[PDB]
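Chains as they are written, first to last, in UniProt numbering: chain A, 10 to 111; chain B, 85 to 324; chain C, 79 to 110; chain D, 1 to 380; chain E, 3 to 53; chain F, 22 to 89; chain G, 3 to 79; chain H, 3 to 62.
Structure first, commentary second.
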Ligand code: HEC
Ligand code: HEM
Ligand code: HEM
């Protein structure tokens, strides 16, 4: 059912390890051209939050430590902030590719 | 057969990481090589000048170099003459070419024992096991004459007669010249001939370990001192 | 405000000679 | 008054490349291996320069010249075993360099990765010809093995092996030209390393998290200066204990015999860093198939950046691909071992399954793992 | 599917003659540089030098 | 002949060690097996190698204190 | 590319102390051993079992090879 | 209350030139002292096995 899939996704979310550094999935997305377009399309507060989270993750990796378990981000609170911007950028790129093909 | 018998790990006096060779044992092994092994084997990369400084005095090395006659030349009219050897001369060939060695040794070629320890699996353990491992062949192993059964030799049919036994030579130190004593001495000598830089290399390694046990905590302390600015750095985020 | 900016406590990393806030410096700086 | 460090042209190039270089603040000890490779290259250049100062590339005098270096030249034994154990350390640092690049997603620097692959080929050729150089039994026989394996190519192989041999077998001309090539090729390696560093500095350096490291960057000096100095000291510790205590466990005893064309060795094997390629070439039972398998197994590193099917760069947050990568490293260890023992039972099936699993993991399994990993993280 | 389309198909169709002529250039240069017998023992003049 | 061999004293003591006793038992079993048959190609090199491995291992533990 | 214009960061404060005033090994063992144990705990399940099966098939291959070199008592009839 | 590192800094570790002089003199004296100590450790480990230990039997 969906409950077992959600539980196994929770276990994978704990096993991935970016929640221990305070990161998010959109924070740990690799920066391609479309991703960079999404970050440049981000608003100011979300940009500052993302860059501070990345800086704190880099500091923690430098010290070879993680955040306390209280300060780990949760799977329910992982905001998918870059998803609409990324989807719009992919849609525009696919439109451009279709126009170039036709 | 196709099997190999692994020589066992003998407790040599130089097997430790900071243990040198027994130079008296190298002396006795050189005497064993000169009086027994030199009739068939060659040691062309070792000289009396290599011998002096680790086993013999310069006068003793000169005496045992001049006790053998070497071929030299040419002279004024162009003729190969014979002169007593010197320190710079190497150990003399028992055969001029390897084909003569094969002819005089029933086809088998006695290898040069200047790198035999570094060139055989086991090294001095293999040499000791080969010299003290001669035994009667088991049932079903028919060996033609000129070959001797030796379990430690690959192929088990060596072309070597048993070279050493009890009272095969006389030592100048009064040491009993038993089979095991002679084999241990000649194995120590062959290890020295394979690695003349043995004790010097061990001294280098001892100095290197003392020096690096000094340097590594201190260099690590310098690295942690330079990196202490970052490893204790605190980050704060204050959006308005 | 910038006045709320306070340097956090560093006693978990700081040396023993300057661990006291009331004790002056420049008497252990040469030693360190 | 002017700032000489960033005003003088050579000084400002050095400052912009090595001194004031913005480096990621969180790169671990795995990032010391590039400088370890450079220091190993310099050590090899110096030690081989002295070895060639006392070395003659004649078939009659190669082995006697090596013995003369070991015994008669002052600390020539130290120079020679520093050279050999530095080759072992060079390949250790190369393998850990490539492992860092595969694990932390550094192959996305495509041109830097390709220059690195060309460097890996050049270093392998250099070390092969250098191992041929002392004219030992295993050196000569391994040279014959590798040249015949190259001669397996149809319609081109016989002419190419006669051209490289300088004759009909490994002989005087082969040894002398191998000495010339082994002398010259590390300088081509050094120039390609300048190209490597130039492309890397164009693209910037990569952090273990795989994120954008421009938020937190530190100058290279003095942080990574002292970190690389500590790494150099540790690498010298391992190299010097390898030279001064265990100088022959990574070498081969059969190389201490003169090269006899009439007598074969009991078991012919190449050096330990060629063993995985030797094992896969033994695994595929075709000469052309074996040499093509070797060539493709080294070119597949250049083929690697087109296999990235994940939206995460490094494997830090990719546990399934982490498991697959560690199985890949384990399989490389199995391949080195199988190149160790000869081609018998059950080494036939072990080497065959090791090669098939190695290729399957590096081609098929890792992108599928990345795809299902993205699906599990709900990316599409 | 980026390179699969009608505009790319007709661009490729324009570039077939040029790529084929470049391949002919490379083939002729390879035969001339290597002195390949299997090709050079069919042209009339160059047959003379091989005897 | 007058000077007894420390080598052979250690050898006979390692024969008195019981693992080598079992090895010699297999050796005599192989010897009678091969000898009580004609037209065979079986040799006793396997059992001899096992016995020699065990006995020379015992010797390598317990020989060089008797030498100079 | 240069050190002055790499990224845009706002409202972020960094605090650092002098290396001559803070220790180089601040409790090197007391919070050093638990950190190493935590790192090993996080990354021991993904690393160890591959080398475990290396050891297993290494031992199995050597045992099978030695059994192959061992003679088979089946030549009598 | 002036300690030994404090005197070392106030005398030798302050200026770079006298710092380098301290490094050079310490390098000379430590080279001699370390060579003597490591050599003595080597002799004590290998008593009765070296040529410098056994030459008195075979000389004069
Ligand atoms: C003439 C009777 C010899 C005497 C005296 C010594 N050796 Fe010899 N040796 C001789 C021959 C004809 C051979 C070749 C046998 C063969 O089957 O190859 C050898 C060989 C060796 C070897 C090499 C064994 C190997 O596996 O390669 C060694 C290590 C060896 N011999 C040792 C050795 C020593 C130490 C001697 C002095 C006590 C000695 N041999 C004397 C011929 C003769
Ligand atoms: C003689 C050979 C080589 C030299 C001198 C060399 C040099 C370097 C140096 C100095 C660095 C920077 C330090 C570091 O990141 O470790 C580096 C990084 C890198 N090397 Fe190499 N390298 C060599 C071979 C290779 C090989 C064989 C590969 C891959 C197959 C490779 C690919 C890379 C990549 C991708 C990086 C970037 C890593 C990152 O950005 O984090 N190089 N190299
Ligand atoms: C300018 C650079 C170099 C020069 C001049 C040089 C020169 C030499 C010489 C003269 C020898 C013969 C000495 C001997 O056989 O021991 C040799 C051997 C060897 N070289 Fe180099 N070399 C250089 C760089 C390298 C590099 C970069 C590698 C490997 C990455 C390498 C690997 C080897 C090996 C493995 C041997 C065999 C040593 C042995 O078998 O004992 N060399 N080299």
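The C-beta atom is built at its ideal place from N, Cα and C for all residues, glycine as well.
So is the beta-carbon of residue 109/D under 6 Å away from any non-hydrogen atom of ligand 2? yes
Under 9 Å, CB to CB, which of the residues in the region 306 to 324 of chain B have a partner in chain G? 306, 307, 308, 309, 310, 311, 312, 313, 314, 315, 316, 317, 318, 319, 320, 321, 322, 323, 324
Close-in-space but distant-in-sequence residues of the same chain around residue 166/D (CB under 7 Å, 5 per side omitted): 173, 174, 177
Whose Cβ in chain B lies nearer than 7 Å to the Cβ of residue 76/G? The contacting residues do not exist; residue 76/G stays about 16 Å from chain B at best.
What are the boundary residues of the beta strand (DSSP E) that includes residue 14/G? 14 to 17 is the extent of the beta strand (DSSP E) around residue 14/G.
Can you find a CB in chain A that lies within less than 7 Å of the CB of residue 319/D? yes
Is it right to say residue 64/A is buried, meaning 16 or more other beta carbons lie within 10 angstroms of its own, or is it exposed? buried
Examine the Cβ distances between the region 308 to 324 of chain D and the region 366 to 379 of chain D and report whether three or more of them are shorter than 8 Å. yes
Within a Cβ cutoff of 6 Å, which residues of the same chain sit near residue 44/F, ignoring the five residues on either side of it in sequence? 71, 72, 75
Quick check: does the Cβ of residue 80/A come within less than 6 Å of any heavy atom belonging to ligand 3? no
Where does residue 120/B fall in DSSP's three states? coil
Length-filtered (4 minimum) alpha helix (DSSP H) runs lying within the region 35 to 75 of chain F: 39 to 56
Is residue 26/A close to chain D, meaning its C-beta is less than 7 Å from at least one C-beta of that chain? yes
Whose Cβ in chain G lies nearer than 8 Å to the Cβ of residue 299/B? In chain order: nothing, as chain G lies at least about 16 Å away.
Per DSSP, which one or two residues make a beta bridge with residue 23/D? 218/D
How is the beta strand (DSSP E) around residue 168/B delimited, first residue to last? Residues 165 to 168.
So what does DSSP say about residue 320/B, is it helix, strand or coil? strand
Since residue 344/D meets chain G, which of its residues come closer than 8 Å, beta carbon to beta carbon? Under the 8 Å cutoff, chain G gives 67, 70.
Just to confirm, does residue 196/D get its C-beta within under 6 Å of one of the non-hydrogen atoms of ligand 2? yes
Below 8 Å on C-beta distance, what does residue 73/A contact in chain G? 37, 41
What residues match up with residue 242/B in a beta bridge as DSSP calls it? 232/B
Alpha carbon to alpha carbon, what distance is there between residue 161/D and residue 65/F? 47 Å
Check the Cβ of residue 48/G against every Cβ in chain C and list those closer than 7 Å, keeping chain order. By Cβ distance, chain C contributes nothing, its closest Cβ being about 32 Å from residue 48/G, past 7 Å.
Given a cut-off of 7 Å, decide if residue 231/B and residue 217/B are closer than it, judged by their beta-carbon atoms. no
Using the Cβ count rule (16 or more neighbours within 10 Å means buried), how would you classify residue 205/B? So residue 205/B ends up on the exposed side.
Using a Cβ-Cβ cut-off of 7 Å, state whether residue 60/A counts as contacting chain G. yes
How about residue 98/D: is its Cβ closer than 6 Å to a heavy atom in ligand 2? yes
Is there a C-beta anywhere in chain H that falls below 7 Å from the one on residue 108/C? yes
Among residues of its own chain, excluding the 5 on either side of residue 31/A, which ones have a beta-carbon nearer than 7 Å to its beta-carbon? 62, 65, 66, 76, 80, 82
Under 7 Å between beta-carbons, which chain B residues line up against residue 43/H? List them in chain order, please. Listed along the chain, the chain B residues whose CB falls inside 7 Å of the CB of residue 43/H are 290.
In three-state DSSP terms, what is residue 386/D? Any property of residue 386/D remains undetermined from this structure, which presents chain D solely from 1 to 380.
Sort out for me which residues DSSP pairs residue 140/B with in a bridge. 136/B
Where residue 31/A falls: helix, strand or coil (DSSP): coil
So the candidates are 43/D, 258/D, 146/D; which of them puts its Cα closest to the Cα of residue 291/D? Ranked by Cα distance from residue 291/D, the options 43/D, 258/D, 146/D are led by 146/D.
Mind checking whether residue 208/B and residue 112/B have CB atoms under 7 Å apart? no
Residues of chain A with a CB under 7 Å from the CB of residue 12/G: which are they? Those within 7 Å of residue 12/G in chain A are 57.
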